[PDB]
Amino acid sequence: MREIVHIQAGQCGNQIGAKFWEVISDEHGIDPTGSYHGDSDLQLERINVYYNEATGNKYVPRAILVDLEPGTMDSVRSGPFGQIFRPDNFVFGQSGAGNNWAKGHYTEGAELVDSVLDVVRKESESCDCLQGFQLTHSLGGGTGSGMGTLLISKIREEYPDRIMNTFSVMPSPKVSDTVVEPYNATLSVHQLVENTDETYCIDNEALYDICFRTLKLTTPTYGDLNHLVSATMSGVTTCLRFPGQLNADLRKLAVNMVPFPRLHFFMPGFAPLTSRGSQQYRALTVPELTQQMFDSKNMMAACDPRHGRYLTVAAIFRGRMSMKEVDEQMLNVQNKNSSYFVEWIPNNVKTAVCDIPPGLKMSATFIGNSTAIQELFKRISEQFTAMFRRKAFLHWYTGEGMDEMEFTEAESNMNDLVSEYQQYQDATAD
């Protein structure tokens, strides 16, 4: 279990994907050209997880960039580490999907999906021990959501024994007041419930709230949002890419984080919260990181964990600090907040320390499988239902070949998902 094939689809997907490769390249000593300038070796022990060692001690992101809109390929390349990606790995269409999931999933995107698979095959066949896939995509658009989930389903068929992991950006009208996005998200969530083993729910609602209410950014930009994402993405993958006392792979994470196949939507949380540039170098104490990483204001999904129960939690502390302190502080949070963890999953909190920090001195990254995430799904379900009851814009979808019944089936599967979450939130040991 070593190589992860990363795929980024659509404008959001490519945009946060590029940000991810910047942040982790930097963390691994890699530069915009592939050359390792790291001052510590463990930055390369686990480098093979996200990078193919090419020629010249060159490290190339094992990254496939996909989009039905040719435009984003250029913005990707104009990027800092935009020249680091294999030119053969840019699979781009010509028209785009126009926020229409059905175009991404059934027509335009189905045209391009075979081109993407070929590259996936190439990158997979050159893998010593492929552990699975990581896709970055928005759910609110057409390509990331519609083609992304088609891309997930196709990969799944060909690589059924590999882990499928997504970083899925949930839509929010606070960030994009496009009213078909609930449709796209709901159709996508129906796909993600069945075809992904692990989905990090990255919620634009939460990202906006953090920037606006906490970081006091009055007009948050995608760049501000994506700073939270990339910090989150670096955090949650720390232990895929750094040795540590844990030999973490995507499957051991899944086995310990997913008690029920459909409840694989994780709420990530991060501490400390910072704006771009912000000289917030005040540091933070273990007890502070531990508390904050467990606060609704630090969650990347607009969910109050205190409204549900934590089925499983994995926390990655990063930096110099007494693993004995983190052991004590983490026990502390678990006993003071006992009623927010299910009692029928013993020892459901897992903690790792990792010496290398992200660009701060201390971070905590939280990965919660919390029943409170039903709040996110309920928010989207309600918007979906508002639109769908009036059949607004349904013709955009049915005219691409989608059946109206796919909408009702998505909505039902999402409502079922929320009920499952409530079921385990209310279950007791006795």
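Numbering starts at 1 and runs along the sequence shown.
### Message
Which is higher on mean Cα B factor in this entry, 325 to 333 or 346 to 354?
### Response
Mean B over CA atoms: larger for 325 to 333.
_So, looking at the entry's B-factor column for Cα atoms, which has the higher mean, 103 to 111 or 259 to 267?_
According to the entry, 103 to 111 carries the higher average C-alpha B-factor.
Practice prompt. Among the candidates 375, 382, 39, 67, give the one with the maximum CA B-factor reported in the record.
Written response: Reading the PDB entry, the winner on C-alpha B-factor is 39.
Check: Highest CA temperature factor in the entry: which of 245, 221, 168, 232?
Finding: Out of 245, 221, 168, 232, the record gives the largest C-alpha B-factor to 245.
> How does residue 25 rank on Cα B-factor within its chain, lowest, middle or highest third?
Replying inline: Ranked within chain, residue 25 CA B lands in the highest tercile.
Handout entry: residue 128 by Cα B-factor - lowest, middle or highest third of the modelled chain
Key = It falls in the top third of the chain.
For the chain shown, is the CA B-factor of residue 98 in the lowest, middle or highest third of its modelled residues? It falls in the middle third of the chain.
Going by the entry, which third of its chain does the Cα temperature factor of residue 362 land in?
-> For residue 362, whose C-alpha B-factor we compare with every modelled residue in the chain, the answer is the highest third.
CA B-factor ranking of residue 369, expressed as a third of its chain: For residue 369, the deposited C-alpha B-factor lands in the lowest third.
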